[PDB]
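Have a look at the structure below before the remarks.
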Amino acid sequence: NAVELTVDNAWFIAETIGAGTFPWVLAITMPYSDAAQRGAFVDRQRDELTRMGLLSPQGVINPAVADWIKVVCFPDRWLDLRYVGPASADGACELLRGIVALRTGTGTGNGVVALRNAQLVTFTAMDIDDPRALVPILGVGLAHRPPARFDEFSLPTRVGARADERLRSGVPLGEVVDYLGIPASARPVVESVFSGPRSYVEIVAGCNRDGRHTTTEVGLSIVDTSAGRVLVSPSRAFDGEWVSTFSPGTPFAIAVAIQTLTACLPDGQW
């Protein structure tokens with residue numbers, strides 16, 4: 001029900017199903033530039049898939065595998081998973097990205113999960129409409145942790161975004177925190193969320209109604225701090241201003257947040 005491939009393997013399969021690109025989040029971009037390179041690339045890929053038994057002698061890719069990749073490249077509903085982490089002590093960051101794709105039209109498989117780490121990507125076919133299987137998937141990128149404990153607090157989303165920008169541009173952390181205007185109780189958590197190591201997963205949802213693709217204007221973050229996991233979920237207030245809520249990152253809380261996040265879409269997810 002799962003397969004692990006190199007990004008190059010995956011790209012070749014994507015060409016096979018006529019996909020212009022992979023979803024942006026994955027960062028699986030065309031690996032070659034010219035006719036000469038393509039030929040070499042194709043030769044290499046055909047031999048490799050073949051050695052793996054992915055490519056049959058008749059020249060066809062395992063339809064199940066090809067289909068999964070078709071779902072990832074042409075999703076009706078999806079969740080992007082952008083993992084962010086403290087760079088390794090080698091001066092570099094490796095890529096850890098994911099997408100949760102579900103397809104419709106006829107209602108083995110319900111949806112496909114693609115997770116890309118460095119030069120490899122794995123595709124897993126599963127029922128993604130269950131939070132007891134879906135929520136765990138999100139965490140693999142994250143360091144294993146328990147939900148942090150604190151009283152929930154909120155702040156306008158615009159304010160939060162601006163603070164992050166200021167912080168990233170050199171405004172010192174204390175000053176930025178003062179800018180937030182949150183309660184003293186809240187301060188320890190926000191500092192954990194904003195500063196230091198800075199390690200999390202950012203999630204955005206999307207859907208493809210008719211031929212129009214729409215994505216959420218906002219996304220949630222599952223952050224992990226020294227204190228524990230912190231969930232930053234957005235909601236719109238009565239006056240319509242966006243508000244961000246920092247709550248303990250329990251599985252239930254994360255699951256409800258995802259459901260609410262999807263709710264905004266015209267016809268997306270469940």
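Residue numbering restarts at 1 in every chain; chains get A, B, ... in the order shown in the structure tokens, and ligands count up from 1 in that same order.
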Can you list, as a PyMOL selection string, all residues belonging to segment 66-207 of chain A that DSSP tags as strand (DSSP E or B)? chain A and resi 77-84+96-102+111-117+120-126+147+153-156+200-207
> Neighbours of residue 189 of chain A within 12 Å (only C-alpha atoms; same-chain residues fewer than 5 positions away dropped), as a ChimeraX atom specification?
Replying inline: /A:148-154,177,182-184,194-196,223-232,245-248
Write a file of the just-selected residues containing N, CA, C and O atoms, as a CSV table (one decimal), in the first residue's frame.
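Printed below is out23.csv as written:
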```csv
chain,number,residue,atom,x,y,z
A,148,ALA,N,1.7,20.7,24.8
A,148,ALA,CA,2.1,21.6,25.9
A,148,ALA,C,0.8,22.0,26.6
A,148,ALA,O,-0.3,21.9,26.1
A,149,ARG,N,1.0,22.4,27.9
A,149,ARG,CA,-0.1,22.8,28.7
A,149,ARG,C,-0.1,24.3,29.0
A,149,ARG,O,0.9,24.8,29.6
A,150,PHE,N,-1.1,24.9,28.7
A,150,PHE,CA,-1.3,26.3,28.9
A,150,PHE,C,-2.7,26.7,28.6
A,150,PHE,O,-3.5,26.0,28.0
A,151,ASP,N,-3.1,27.9,29.1
A,151,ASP,CA,-4.4,28.4,28.8
A,151,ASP,C,-4.4,29.0,27.4
A,151,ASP,O,-3.4,29.6,27.1
A,152,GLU,N,-5.4,28.8,26.7
A,152,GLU,CA,-5.5,29.3,25.3
A,152,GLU,C,-5.5,30.8,25.3
A,152,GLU,O,-6.0,31.4,26.2
A,153,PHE,N,-4.9,31.3,24.2
A,153,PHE,CA,-4.9,32.8,24.0
A,153,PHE,C,-5.0,33.1,22.5
A,153,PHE,O,-4.7,32.2,21.7
A,154,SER,N,-5.4,34.3,22.2
A,154,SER,CA,-5.6,34.6,20.8
A,154,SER,C,-5.1,36.0,20.5
A,154,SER,O,-4.8,36.8,21.4
A,177,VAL,N,7.6,41.0,21.2
A,177,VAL,CA,6.7,40.5,22.2
A,177,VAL,C,5.8,41.5,22.8
A,177,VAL,O,4.6,41.4,22.9
A,182,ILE,N,-0.1,40.6,24.3
A,182,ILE,CA,-0.8,39.6,25.0
A,182,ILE,C,-0.5,39.6,26.5
A,182,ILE,O,0.3,40.4,27.0
A,183,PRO,N,-1.2,38.8,27.2
A,183,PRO,CA,-1.1,38.7,28.7
A,183,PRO,C,0.2,38.1,29.1
A,183,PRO,O,0.8,37.3,28.4
A,184,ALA,N,0.5,38.4,30.3
A,184,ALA,CA,1.8,37.9,30.9
A,184,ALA,C,1.9,36.4,30.9
A,184,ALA,O,2.9,35.9,30.7
A,194,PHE,N,7.5,31.8,18.7
A,194,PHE,CA,8.2,32.6,17.8
A,194,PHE,C,9.7,32.5,17.6
A,194,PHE,O,10.2,32.5,16.6
A,195,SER,N,10.4,32.4,18.8
A,195,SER,CA,11.8,32.4,18.8
A,195,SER,C,12.5,31.1,18.8
A,195,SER,O,11.9,30.0,18.4
A,196,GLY,N,13.8,31.1,19.1
A,196,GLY,CA,14.7,30.0,19.2
A,196,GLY,C,15.0,29.1,18.1
A,196,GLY,O,15.5,29.5,17.0
A,223,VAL,N,3.3,23.5,16.0
A,223,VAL,CA,4.6,23.9,16.4
A,223,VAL,C,5.0,23.1,17.6
A,223,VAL,O,4.2,22.6,18.3
A,224,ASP,N,6.3,22.9,17.7
A,224,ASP,CA,6.7,22.2,18.9
A,224,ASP,C,7.8,23.0,19.6
A,224,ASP,O,8.8,23.4,19.0
A,225,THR,N,7.5,23.2,20.8
A,225,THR,CA,8.4,24.0,21.7
A,225,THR,C,9.0,23.2,22.8
A,225,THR,O,8.8,22.0,22.9
A,226,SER,N,9.7,23.9,23.6
A,226,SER,CA,10.4,23.2,24.8
A,226,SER,C,9.3,22.8,25.7
A,226,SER,O,9.3,21.7,26.2
A,227,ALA,N,8.3,23.6,25.9
A,227,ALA,CA,7.1,23.3,26.7
A,227,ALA,C,6.3,22.1,26.1
A,227,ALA,O,5.8,21.3,26.9
A,228,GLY,N,6.2,22.1,24.8
A,228,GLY,CA,5.4,21.0,24.2
A,228,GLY,C,4.9,21.4,22.9
A,228,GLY,O,5.3,22.4,22.3
A,229,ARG,N,3.9,20.7,22.3
A,229,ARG,CA,3.3,21.0,21.1
A,229,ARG,C,2.4,22.1,21.2
A,229,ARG,O,1.6,22.1,22.1
A,230,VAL,N,2.4,23.1,20.3
A,230,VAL,CA,1.5,24.2,20.3
A,230,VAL,C,0.8,24.3,18.9
A,230,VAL,O,1.4,24.2,17.9
A,231,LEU,N,-0.5,24.4,19.0
A,231,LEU,CA,-1.3,24.5,17.8
A,231,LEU,C,-1.7,26.0,17.6
A,231,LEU,O,-2.2,26.6,18.5
A,232,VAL,N,-1.5,26.5,16.4
A,232,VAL,CA,-1.9,27.8,16.1
A,232,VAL,C,-2.9,27.7,15.0
A,232,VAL,O,-2.6,27.5,13.8
A,245,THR,N,-5.4,31.6,17.2
A,245,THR,CA,-5.5,31.0,18.5
A,245,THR,C,-4.4,30.1,18.8
A,245,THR,O,-4.2,29.2,18.1
A,246,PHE,N,-3.8,30.2,20.0
A,246,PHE,CA,-2.7,29.3,20.4
A,246,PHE,C,-3.3,28.4,21.4
A,246,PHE,O,-3.6,28.7,22.5
A,247,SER,N,-3.4,27.1,21.0
A,247,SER,CA,-4.0,26.1,21.9
A,247,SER,C,-3.1,24.9,22.1
A,247,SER,O,-2.2,24.7,21.3
A,248,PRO,N,-3.3,24.1,23.1
A,248,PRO,CA,-2.4,22.9,23.2
A,248,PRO,C,-2.6,22.0,22.1
A,248,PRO,O,-3.7,21.8,21.7
```
ask   = Contacts of segment 197-213 of chain A at 10 Å or less, counting only C-alpha atoms, minus same-chain residues fewer than 5 places along, as a PyMOL selection string?
value = chain A and resi 74-87+96-102+138-143+192+218-226+229-233+258+261-269
